[PDB]
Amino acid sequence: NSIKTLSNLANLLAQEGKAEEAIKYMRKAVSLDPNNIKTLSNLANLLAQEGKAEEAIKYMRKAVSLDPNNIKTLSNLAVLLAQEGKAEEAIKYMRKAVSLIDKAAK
């Protein structure tokens, strides 16, 4: 009945091994607001948890696109890309994160 409740429900479903249903509900949560970076990150984390790494990368990329100066999102995307063997992209986003950290340092 709300984004948060559908997300938590999806999480509970995932814990009990109900992968398909979990993804279904998490996708509903995203559908209520497709531009919510938090929900997108949650869905990407669920998809990655269920071995669907490419979709996870897709939604992480969208989350990045919505706010590209987000060090955390960049790092997560980079880790996912690295795990899947996409070295150049991973190093790219990690270097972006480094650049932002540098900006904060100065």
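The first residue of the shown sequence is 1; numbering continues from there.
Higher mean CA temperature factor between 2-10 and 97-105: 97-105, per the PDB entry.
When all modelled residues of the chain are sorted by CA temperature factor, residue 60 is found within the middle third. In the deposited entry, the Cα temperature factor of residue 92 sits in the top third of values across the chain's modelled residues. For residue 86, the recorded CA temperature factor ranks within the highest third of the chain's modelled residues. Residue 37: CA B factor lies in the middle third for its chain, per the PDB record.
Among the modelled residues of the chain, residue 29 sits in the middle third by CA temperature factor in this PDB entry.
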